[PDB]
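Colleague: Just input-v3.pdb, nothing more (PDB, C-alpha atoms and all ligand atoms):
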```pdb
ATOM      1  CA  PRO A  11      22.903 -71.502 201.603  1.00  0.00           C
ATOM      2  CA  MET A  12      25.462 -68.922 200.445  1.00  0.00           C
ATOM      3  CA  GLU A  13      28.218 -71.555 200.659  1.00  0.00           C
ATOM      4  CA  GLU A  14      29.457 -70.556 197.175  1.00  0.00           C
ATOM      5  CA  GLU A  15      33.148 -69.776 197.630  1.00  0.00           C
ATOM      6  CA  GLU A  16      33.155 -68.233 194.140  1.00  0.00           C
ATOM      7  CA  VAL A  17      30.725 -65.432 195.110  1.00  0.00           C
ATOM      8  CA  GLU A  18      31.740 -62.728 197.590  1.00  0.00           C
ATOM      9  CA  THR A  19      29.380 -60.176 199.138  1.00  0.00           C
ATOM     10  CA  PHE A  20      30.378 -56.614 200.038  1.00  0.00           C
ATOM     11  CA  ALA A  21      28.610 -53.656 201.628  1.00  0.00           C
ATOM     12  CA  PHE A  22      28.415 -50.378 199.734  1.00  0.00           C
ATOM     13  CA  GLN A  23      30.193 -47.404 201.243  1.00  0.00           C
ATOM     14  CA  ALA A  24      27.794 -45.642 203.603  1.00  0.00           C
ATOM     15  CA  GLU A  25      27.532 -42.558 201.388  1.00  0.00           C
ATOM     16  CA  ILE A  26      26.839 -44.674 198.304  1.00  0.00           C
ATOM     17  CA  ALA A  27      24.172 -46.840 199.935  1.00  0.00           C
ATOM     18  CA  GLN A  28      22.484 -43.599 201.007  1.00  0.00           C
ATOM     19  CA  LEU A  29      22.573 -42.211 197.463  1.00  0.00           C
ATOM     20  CA  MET A  30      21.073 -45.417 196.061  1.00  0.00           C
ATOM     21  CA  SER A  31      18.176 -45.411 198.532  1.00  0.00           C
ATOM     22  CA  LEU A  32      17.533 -41.738 197.765  1.00  0.00           C
ATOM     23  CA  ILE A  33      17.473 -42.444 194.021  1.00  0.00           C
ATOM     24  CA  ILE A  34      15.185 -45.450 194.456  1.00  0.00           C
ATOM     25  CA  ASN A  35      12.587 -43.774 196.674  1.00  0.00           C
ATOM     26  CA  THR A  36      12.398 -40.163 195.459  1.00  0.00           C
ATOM     27  CA  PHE A  37       9.403 -39.284 193.293  1.00  0.00           C
ATOM     28  CA  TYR A  38      11.137 -38.119 190.104  1.00  0.00           C
ATOM     29  CA  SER A  39       9.510 -38.403 186.684  1.00  0.00           C
ATOM     30  CA  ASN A  40      12.405 -37.380 184.387  1.00  0.00           C
ATOM     31  CA  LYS A  41      13.963 -40.836 184.523  1.00  0.00           C
ATOM     32  CA  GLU A  42      15.269 -40.973 180.933  1.00  0.00           C
ATOM     33  CA  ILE A  43      18.534 -39.296 181.997  1.00  0.00           C
ATOM     34  CA  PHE A  44      19.825 -42.695 183.157  1.00  0.00           C
ATOM     35  CA  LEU A  45      20.588 -43.693 179.564  1.00  0.00           C
ATOM     36  CA  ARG A  46      22.596 -40.529 178.886  1.00  0.00           C
ATOM     37  CA  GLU A  47      24.720 -41.107 181.991  1.00  0.00           C
ATOM     38  CA  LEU A  48      25.518 -44.705 181.027  1.00  0.00           C
ATOM     39  CA  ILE A  49      26.325 -43.782 177.423  1.00  0.00           C
ATOM     40  CA  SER A  50      28.635 -41.058 178.741  1.00  0.00           C
ATOM     41  CA  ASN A  51      30.405 -43.631 180.918  1.00  0.00           C
ATOM     42  CA  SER A  52      30.969 -45.887 177.908  1.00  0.00           C
ATOM     43  CA  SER A  53      32.352 -42.977 175.885  1.00  0.00           C
ATOM     44  CA  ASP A  54      34.782 -42.183 178.706  1.00  0.00           C
ATOM     45  CA  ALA A  55      35.811 -45.846 178.870  1.00  0.00           C
ATOM     46  CA  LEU A  56      36.430 -45.902 175.115  1.00  0.00           C
ATOM     47  CA  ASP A  57      38.421 -42.655 175.237  1.00  0.00           C
ATOM     48  CA  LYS A  58      40.755 -44.233 177.795  1.00  0.00           C
ATOM     49  CA  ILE A  59      41.585 -47.411 175.862  1.00  0.00           C
ATOM     50  CA  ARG A  60      41.987 -45.414 172.646  1.00  0.00           C
ATOM     51  CA  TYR A  61      44.386 -43.018 174.383  1.00  0.00           C
ATOM     52  CA  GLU A  62      46.415 -45.794 176.022  1.00  0.00           C
ATOM     53  CA  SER A  63      46.755 -47.544 172.647  1.00  0.00           C
ATOM     54  CA  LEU A  64      48.542 -44.529 171.135  1.00  0.00           C
ATOM     55  CA  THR A  65      51.672 -45.474 173.114  1.00  0.00           C
ATOM     56  CA  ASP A  66      51.068 -49.254 173.275  1.00  0.00           C
ATOM     57  CA  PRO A  67      49.179 -50.687 170.284  1.00  0.00           C
ATOM     58  CA  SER A  68      49.124 -54.135 171.925  1.00  0.00           C
ATOM     59  CA  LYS A  69      46.340 -52.897 174.228  1.00  0.00           C
ATOM     60  CA  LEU A  70      43.985 -53.388 171.258  1.00  0.00           C
ATOM     61  CA  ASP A  71      45.013 -57.027 170.746  1.00  0.00           C
ATOM     62  CA  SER A  72      41.825 -57.780 172.708  1.00  0.00           C
ATOM     63  CA  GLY A  73      39.742 -55.986 170.061  1.00  0.00           C
ATOM     64  CA  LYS A  74      40.250 -53.131 167.608  1.00  0.00           C
ATOM     65  CA  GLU A  75      36.545 -52.273 167.353  1.00  0.00           C
ATOM     66  CA  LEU A  76      35.444 -49.326 169.516  1.00  0.00           C
ATOM     67  CA  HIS A  77      31.667 -48.901 169.681  1.00  0.00           C
ATOM     68  CA  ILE A  78      28.538 -48.890 171.851  1.00  0.00           C
ATOM     69  CA  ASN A  79      25.508 -51.163 171.431  1.00  0.00           C
ATOM     70  CA  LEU A  80      22.052 -50.840 173.004  1.00  0.00           C
ATOM     71  CA  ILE A  81      20.040 -54.051 173.264  1.00  0.00           C
ATOM     72  CA  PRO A  82      16.430 -54.095 174.515  1.00  0.00           C
ATOM     73  CA  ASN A  83      14.862 -57.460 175.329  1.00  0.00           C
ATOM     74  CA  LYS A  84      11.109 -57.335 175.915  1.00  0.00           C
ATOM     75  CA  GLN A  85      10.898 -61.018 176.883  1.00  0.00           C
ATOM     76  CA  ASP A  86      13.436 -60.762 179.718  1.00  0.00           C
ATOM     77  CA  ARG A  87      12.558 -57.082 180.320  1.00  0.00           C
ATOM     78  CA  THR A  88      16.213 -56.034 180.164  1.00  0.00           C
ATOM     79  CA  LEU A  89      18.032 -53.157 178.472  1.00  0.00           C
ATOM     80  CA  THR A  90      21.731 -53.865 177.949  1.00  0.00           C
ATOM     81  CA  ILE A  91      24.399 -51.248 177.198  1.00  0.00           C
ATOM     82  CA  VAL A  92      27.573 -52.778 175.744  1.00  0.00           C
ATOM     83  CA  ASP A  93      30.889 -51.035 175.094  1.00  0.00           C
ATOM     84  CA  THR A  94      34.404 -52.146 174.155  1.00  0.00           C
ATOM     85  CA  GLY A  95      36.152 -49.669 176.445  1.00  0.00           C
ATOM     86  CA  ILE A  96      38.965 -50.264 178.895  1.00  0.00           C
ATOM     87  CA  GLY A  97      36.785 -52.320 181.243  1.00  0.00           C
ATOM     88  CA  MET A  98      37.075 -52.692 185.002  1.00  0.00           C
ATOM     89  CA  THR A  99      39.417 -54.734 187.192  1.00  0.00           C
ATOM     90  CA  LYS A 100      38.502 -56.584 190.376  1.00  0.00           C
ATOM     91  CA  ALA A 101      40.007 -53.774 192.458  1.00  0.00           C
ATOM     92  CA  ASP A 102      37.825 -51.262 190.604  1.00  0.00           C
ATOM     93  CA  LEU A 103      34.653 -53.213 191.362  1.00  0.00           C
ATOM     94  CA  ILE A 104      35.370 -53.682 195.079  1.00  0.00           C
ATOM     95  CA  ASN A 105      37.489 -50.699 196.170  1.00  0.00           C
ATOM     96  CA  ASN A 106      38.586 -48.020 193.722  1.00  0.00           C
ATOM     97  CA  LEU A 107      35.281 -47.014 192.117  1.00  0.00           C
ATOM     98  CA  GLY A 108      33.580 -46.487 195.475  1.00  0.00           C
ATOM     99  CA  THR A 109      36.582 -44.697 196.974  1.00  0.00           C
ATOM    100  CA  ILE A 110      36.865 -42.248 194.069  1.00  0.00           C
ATOM    101  CA  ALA A 111      33.100 -41.634 194.275  1.00  0.00           C
ATOM    102  CA  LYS A 112      32.959 -40.814 198.006  1.00  0.00           C
ATOM    103  CA  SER A 113      33.524 -37.077 197.587  1.00  0.00           C
ATOM    104  CA  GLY A 114      31.172 -36.615 194.635  1.00  0.00           C
ATOM    105  CA  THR A 115      28.393 -38.556 196.351  1.00  0.00           C
ATOM    106  CA  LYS A 116      28.503 -36.415 199.499  1.00  0.00           C
ATOM    107  CA  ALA A 117      28.467 -33.196 197.463  1.00  0.00           C
ATOM    108  CA  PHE A 118      25.591 -34.381 195.266  1.00  0.00           C
ATOM    109  CA  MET A 119      23.488 -35.044 198.368  1.00  0.00           C
ATOM    110  CA  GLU A 120      24.062 -31.497 199.604  1.00  0.00           C
ATOM    111  CA  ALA A 121      23.056 -30.046 196.232  1.00  0.00           C
ATOM    112  CA  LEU A 122      19.838 -32.083 196.303  1.00  0.00           C
ATOM    113  CA  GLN A 123      19.065 -30.932 199.864  1.00  0.00           C
ATOM    114  CA  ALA A 124      19.321 -27.332 198.676  1.00  0.00           C
ATOM    115  CA  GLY A 125      17.606 -27.060 195.295  1.00  0.00           C
ATOM    116  CA  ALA A 126      19.423 -28.964 192.558  1.00  0.00           C
ATOM    117  CA  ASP A 127      17.518 -31.818 190.924  1.00  0.00           C
ATOM    118  CA  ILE A 128      18.578 -35.369 190.114  1.00  0.00           C
ATOM    119  CA  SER A 129      19.413 -34.622 186.469  1.00  0.00           C
ATOM    120  CA  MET A 130      22.741 -33.087 187.573  1.00  0.00           C
ATOM    121  CA  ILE A 131      24.063 -36.374 188.998  1.00  0.00           C
ATOM    122  CA  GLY A 132      26.529 -36.618 186.116  1.00  0.00           C
ATOM    123  CA  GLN A 133      28.171 -33.342 187.106  1.00  0.00           C
ATOM    124  CA  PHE A 134      29.306 -35.060 190.330  1.00  0.00           C
ATOM    125  CA  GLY A 135      30.747 -38.108 188.556  1.00  0.00           C
ATOM    126  CA  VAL A 136      28.334 -40.699 189.971  1.00  0.00           C
ATOM    127  CA  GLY A 137      25.928 -41.005 187.050  1.00  0.00           C
ATOM    128  CA  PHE A 138      26.043 -44.810 186.987  1.00  0.00           C
ATOM    129  CA  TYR A 139      23.817 -45.018 190.067  1.00  0.00           C
ATOM    130  CA  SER A 140      21.034 -43.306 188.100  1.00  0.00           C
ATOM    131  CA  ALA A 141      20.454 -46.782 186.635  1.00  0.00           C
ATOM    132  CA  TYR A 142      18.313 -47.540 189.697  1.00  0.00           C
ATOM    133  CA  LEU A 143      15.794 -44.900 188.632  1.00  0.00           C
ATOM    134  CA  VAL A 144      14.505 -47.609 186.284  1.00  0.00           C
ATOM    135  CA  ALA A 145      16.184 -50.897 187.330  1.00  0.00           C
ATOM    136  CA  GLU A 146      15.438 -53.143 190.300  1.00  0.00           C
ATOM    137  CA  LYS A 147      18.599 -55.173 189.622  1.00  0.00           C
ATOM    138  CA  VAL A 148      21.752 -54.218 187.716  1.00  0.00           C
ATOM    139  CA  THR A 149      24.260 -56.793 186.446  1.00  0.00           C
ATOM    140  CA  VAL A 150      27.663 -55.672 185.142  1.00  0.00           C
ATOM    141  CA  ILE A 151      29.966 -57.913 183.086  1.00  0.00           C
ATOM    142  CA  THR A 152      33.405 -56.420 182.498  1.00  0.00           C
ATOM    143  CA  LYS A 153      36.863 -57.363 181.234  1.00  0.00           C
ATOM    144  CA  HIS A 154      40.067 -55.343 181.664  1.00  0.00           C
ATOM    145  CA  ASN A 155      43.275 -56.270 179.845  1.00  0.00           C
ATOM    146  CA  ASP A 156      45.028 -56.780 183.204  1.00  0.00           C
ATOM    147  CA  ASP A 157      42.470 -59.042 184.907  1.00  0.00           C
ATOM    148  CA  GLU A 158      39.911 -61.797 184.410  1.00  0.00           C
ATOM    149  CA  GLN A 159      36.276 -61.428 183.372  1.00  0.00           C
ATOM    150  CA  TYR A 160      34.039 -60.560 186.326  1.00  0.00           C
ATOM    151  CA  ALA A 161      30.335 -60.216 187.079  1.00  0.00           C
ATOM    152  CA  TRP A 162      29.165 -57.425 189.401  1.00  0.00           C
ATOM    153  CA  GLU A 163      25.561 -57.378 190.608  1.00  0.00           C
ATOM    154  CA  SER A 164      23.384 -55.484 193.072  1.00  0.00           C
ATOM    155  CA  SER A 165      19.691 -54.941 193.782  1.00  0.00           C
ATOM    156  CA  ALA A 166      20.593 -52.059 196.115  1.00  0.00           C
ATOM    157  CA  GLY A 167      19.738 -52.562 199.782  1.00  0.00           C
ATOM    158  CA  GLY A 168      23.322 -51.962 200.911  1.00  0.00           C
ATOM    159  CA  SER A 169      25.227 -54.886 199.372  1.00  0.00           C
ATOM    160  CA  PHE A 170      26.712 -56.040 196.073  1.00  0.00           C
ATOM    161  CA  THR A 171      28.369 -59.219 194.806  1.00  0.00           C
ATOM    162  CA  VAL A 172      31.447 -59.969 192.701  1.00  0.00           C
ATOM    163  CA  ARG A 173      32.252 -63.288 191.019  1.00  0.00           C
ATOM    164  CA  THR A 174      34.358 -64.617 188.174  1.00  0.00           C
ATOM    165  CA  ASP A 175      32.096 -64.740 185.126  1.00  0.00           C
ATOM    166  CA  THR A 176      31.485 -68.120 183.495  1.00  0.00           C
ATOM    167  CA  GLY A 177      29.557 -67.057 180.376  1.00  0.00           C
ATOM    168  CA  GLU A 178      30.659 -65.889 176.958  1.00  0.00           C
ATOM    169  CA  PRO A 179      34.040 -64.096 176.985  1.00  0.00           C
ATOM    170  CA  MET A 180      33.788 -60.502 175.797  1.00  0.00           C
ATOM    171  CA  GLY A 181      37.430 -59.828 174.920  1.00  0.00           C
ATOM    172  CA  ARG A 182      37.404 -56.372 176.514  1.00  0.00           C
ATOM    173  CA  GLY A 183      34.762 -53.902 177.653  1.00  0.00           C
ATOM    174  CA  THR A 184      31.652 -53.715 179.798  1.00  0.00           C
ATOM    175  CA  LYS A 185      28.036 -54.899 179.656  1.00  0.00           C
ATOM    176  CA  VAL A 186      25.539 -53.105 181.913  1.00  0.00           C
ATOM    177  CA  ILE A 187      22.342 -55.176 182.141  1.00  0.00           C
ATOM    178  CA  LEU A 188      19.343 -53.275 183.527  1.00  0.00           C
ATOM    179  CA  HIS A 189      16.639 -55.548 184.951  1.00  0.00           C
ATOM    180  CA  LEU A 190      13.806 -53.071 184.540  1.00  0.00           C
ATOM    181  CA  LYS A 191      10.984 -52.334 186.950  1.00  0.00           C
ATOM    182  CA  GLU A 192       7.499 -53.348 185.853  1.00  0.00           C
ATOM    183  CA  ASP A 193       6.357 -49.760 185.218  1.00  0.00           C
ATOM    184  CA  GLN A 194       9.478 -48.674 183.275  1.00  0.00           C
ATOM    185  CA  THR A 195       9.102 -50.839 180.159  1.00  0.00           C
ATOM    186  CA  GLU A 196       8.864 -47.762 177.912  1.00  0.00           C
ATOM    187  CA  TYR A 197      12.678 -47.911 177.709  1.00  0.00           C
ATOM    188  CA  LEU A 198      12.469 -51.179 175.753  1.00  0.00           C
ATOM    189  CA  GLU A 199      10.709 -49.417 172.852  1.00  0.00           C
ATOM    190  CA  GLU A 200      12.722 -48.524 169.761  1.00  0.00           C
ATOM    191  CA  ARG A 201      11.117 -45.107 169.238  1.00  0.00           C
ATOM    192  CA  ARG A 202      11.691 -44.216 172.893  1.00  0.00           C
ATOM    193  CA  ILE A 203      15.381 -45.171 172.861  1.00  0.00           C
ATOM    194  CA  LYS A 204      15.901 -43.192 169.647  1.00  0.00           C
ATOM    195  CA  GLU A 205      14.334 -40.072 171.172  1.00  0.00           C
ATOM    196  CA  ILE A 206      16.474 -40.183 174.318  1.00  0.00           C
ATOM    197  CA  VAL A 207      19.688 -40.710 172.343  1.00  0.00           C
ATOM    198  CA  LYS A 208      19.019 -37.886 169.877  1.00  0.00           C
ATOM    199  CA  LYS A 209      18.133 -35.617 172.814  1.00  0.00           C
ATOM    200  CA  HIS A 210      21.341 -35.690 174.873  1.00  0.00           C
ATOM    201  CA  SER A 211      23.771 -38.505 174.021  1.00  0.00           C
ATOM    202  CA  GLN A 212      24.066 -37.491 170.363  1.00  0.00           C
ATOM    203  CA  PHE A 213      27.561 -36.035 169.853  1.00  0.00           C
ATOM    204  CA  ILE A 214      29.330 -39.167 171.083  1.00  0.00           C
ATOM    205  CA  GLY A 215      32.715 -40.024 169.605  1.00  0.00           C
ATOM    206  CA  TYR A 216      31.837 -43.650 168.819  1.00  0.00           C
ATOM    207  CA  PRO A 217      29.107 -45.401 166.802  1.00  0.00           C
ATOM    208  CA  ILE A 218      25.949 -46.117 168.809  1.00  0.00           C
ATOM    209  CA  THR A 219      24.020 -49.050 167.327  1.00  0.00           C
ATOM    210  CA  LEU A 220      20.456 -49.905 168.357  1.00  0.00           C
ATOM    211  CA  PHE A 221      19.610 -53.609 168.075  1.00  0.00           C
ATOM    212  CA  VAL A 222      15.974 -53.920 166.990  1.00  0.00           C
ATOM    213  CA  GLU A 223      14.213 -56.955 168.424  1.00  0.00           C
ATOM    214  CA  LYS A 224      13.045 -59.904 166.349  1.00  0.00           C
TER     215      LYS A 224
HETATM  216  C1  LIG B 301      30.293 -51.855 188.422  1.00  0.00           C
HETATM  217  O1  LIG B 301      29.288 -50.911 188.197  1.00  0.00           O
HETATM  218  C2  LIG B 301      29.716 -49.578 188.165  1.00  0.00           C
HETATM  219  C3  LIG B 301      29.806 -48.975 189.377  1.00  0.00           C
HETATM  220  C4  LIG B 301      29.462 -49.736 190.654  1.00  0.00           C
HETATM  221  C5  LIG B 301      30.214 -47.653 189.460  1.00  0.00           C
HETATM  222  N1  LIG B 301      30.518 -46.971 188.337  1.00  0.00           N
HETATM  223  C6  LIG B 301      30.437 -47.565 187.125  1.00  0.00           C
HETATM  224  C7  LIG B 301      30.781 -46.740 185.881  1.00  0.00           C
HETATM  225  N2  LIG B 301      32.016 -47.177 185.265  1.00  0.00           N
HETATM  226  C8  LIG B 301      33.213 -47.166 185.857  1.00  0.00           C
HETATM  227  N3  LIG B 301      34.110 -47.631 184.981  1.00  0.00           N
HETATM  228  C9  LIG B 301      33.466 -47.923 183.842  1.00  0.00           C
HETATM  229  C10 LIG B 301      33.893 -48.425 182.634  1.00  0.00           C
HETATM  230 CL1  LIG B 301      35.593 -48.846 182.299  1.00  0.00          CL
HETATM  231  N4  LIG B 301      33.028 -48.623 181.650  1.00  0.00           N
HETATM  232  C11 LIG B 301      31.718 -48.331 181.834  1.00  0.00           C
HETATM  233  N5  LIG B 301      30.931 -48.616 180.645  1.00  0.00           N
HETATM  234  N6  LIG B 301      31.295 -47.840 183.018  1.00  0.00           N
HETATM  235  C12 LIG B 301      32.174 -47.638 184.017  1.00  0.00           C
HETATM  236  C13 LIG B 301      30.020 -48.890 187.033  1.00  0.00           C
HETATM  237  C14 LIG B 301      29.910 -49.588 185.676  1.00  0.00           C
HETATM  238 MG    MG B 302      17.591 -49.263 199.074  1.00  0.00          MG
HETATM  239 MG    MG B 303      28.668 -54.005 166.476  1.00  0.00          MG
END
```
Would you write out, as structure tokens, the structure that this file holds?
Modeller:
Amino acid sequence: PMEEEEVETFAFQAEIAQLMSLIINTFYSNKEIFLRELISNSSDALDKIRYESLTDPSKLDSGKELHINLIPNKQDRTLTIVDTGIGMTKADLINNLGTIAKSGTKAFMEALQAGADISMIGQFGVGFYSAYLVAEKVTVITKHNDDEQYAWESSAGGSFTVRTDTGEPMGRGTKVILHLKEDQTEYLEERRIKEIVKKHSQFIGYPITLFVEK
């Protein structure tokens, strides 16, 4: 039907849709780097809210805790990365994030078509899109102090959606929910997540807590 006035559909910027298709279809085995890139993004988000609060302590009224949580769910086949950083506004989700990423995306594609491999995506500032190395659908729940709670979602293919979230309020931060591909379930294992974290994302300025399944 798609007669839901609460859900809006947008097309990715041409360069970004291209990058996503390239990431999805390239044969690349070193997929674990996706978790490092997302943990780096959360650390950046937490640095920003911590820095803003030095001049305005009321920015932490929405939560003093500053941490990162990793939550595998074997039943739903999802790996969720939660942080209490600055969050994202509606403008960020629709306009600003893609605009700021245009230049880095183009450059990254040149590097790839030259020699560089996918693991350097973070050097171009577009590491988030490495999530689709392992995820067929990505759902992002976010809350910025200056806006409402929103839900961003995309299964690639050139389009993404944005709606006002109706679920549990978070207070402030971001939840990245990775709906994992059938053959990428190794990233729901506790020993595997530990290895990847200790490898790269290890000197992070905030506590990283792994939720073990029951
Ligand atoms: C909506 O999904 C994203 C898109 C399409 C592009 N980049 C980022 C990374 N990213 C940007 N700001 C972010 C903040 Cl405040 N936090 C986190 N954890 N990631 C962020 C995200 C999450
Ligand atoms: Mg595609
Ligand atoms: Mg906690």
Colleague: Extract, using only C-alpha atoms, all DNA, RNA and protein residues at most 9 Å from range 163-178 of chain A, discarding same-chain residues fewer than 5 positions from it, and format them as a ChimeraX atom specification.
Modeller: /A:16-24,26-28,30-31,34,100,103-104,142,145-152,158
Colleague: Step by step, work through what the PyMOL selection byres (((chain A and resi 71-74) around 8) and not hetatm) selects in the shown file, and finish by giving those residues as a ChimeraX atom specification.
Modeller: /A:67-70,75-76,94,155,181-182
Colleague: Counting only C-alpha atoms and all ligand atoms, which residues of chain A fall within 12 Å of ligand MG 303 (chain B), and what is the closest atom pair for each with its distance in Å at one decimal, ordered by chain and rising number, as a tab-separated table?
Modeller:
```
residue	atom	partner	partner_atom	distance
A:73	CA	B:MG303	MG	11.8
A:74	CA	B:MG303	MG	11.7
A:75	CA	B:MG303	MG	8.1
A:76	CA	B:MG303	MG	8.8
A:77	CA	B:MG303	MG	6.7
A:78	CA	B:MG303	MG	7.4
A:79	CA	B:MG303	MG	6.5
A:80	CA	B:MG303	MG	9.8
A:81	CA	B:MG303	MG	11.0
A:91	CA	B:MG303	MG	11.9
A:92	CA	B:MG303	MG	9.4
A:93	CA	B:MG303	MG	9.4
A:94	CA	B:MG303	MG	9.8
A:216	CA	B:MG303	MG	11.1
A:217	CA	B:MG303	MG	8.6
A:218	CA	B:MG303	MG	8.7
A:219	CA	B:MG303	MG	6.8
A:220	CA	B:MG303	MG	9.4
A:221	CA	B:MG303	MG	9.2
```
Colleague: Could you list, as a PyMOL selection string, every residue matched by the PyMOL selection byres (((not hetatm)) within 8 of (chain B and resi 301)) in this structure?
Modeller: chain A and resi 48-49+51-56+91-93+95-98+102-103+107-108+136-139+149-150+152+154+162-163+183-186
Colleague: Nearest residue to residue 39 in chain A out of A:194, A:200, A:125, A:157, using all atoms listed in the file?
Modeller: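 Closest to residue 39 in chain A of all the choices is A:194.
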Colleague: For the file shown, what are the residues hit by the PyMOL selection byres (((chain A and resi 111-117) around 7) and not hetatm), laid out as a PyMOL selection string?
Modeller: chain A and resi 25-26+29+107-110+118-121+134-136
Colleague: So, with only C-alpha atoms and all ligand atoms as the atoms that count, which of A:101, A:32, A:123, A:15 lies closest to ligand MG 302 (chain B)?
Modeller: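 Nearest to ligand MG 302 (chain B): A:32.
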Colleague: Expressed in Å to a single decimal, how great is the separation between CA of residue 35 in chain A and atom MG of ligand MG 302 (chain B)?
Modeller: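 Interatomic distance here is 7.8 Å.
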Colleague: Give the answer as one residue: which of A:124, A:222, A:161, A:89 has the shortest atom-to-atom distance to residue 189 in chain A, using all atoms listed in the file?
Modeller: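 Among A:124, A:222, A:161, A:89, it is A:89 that comes nearest to residue 189 in chain A.
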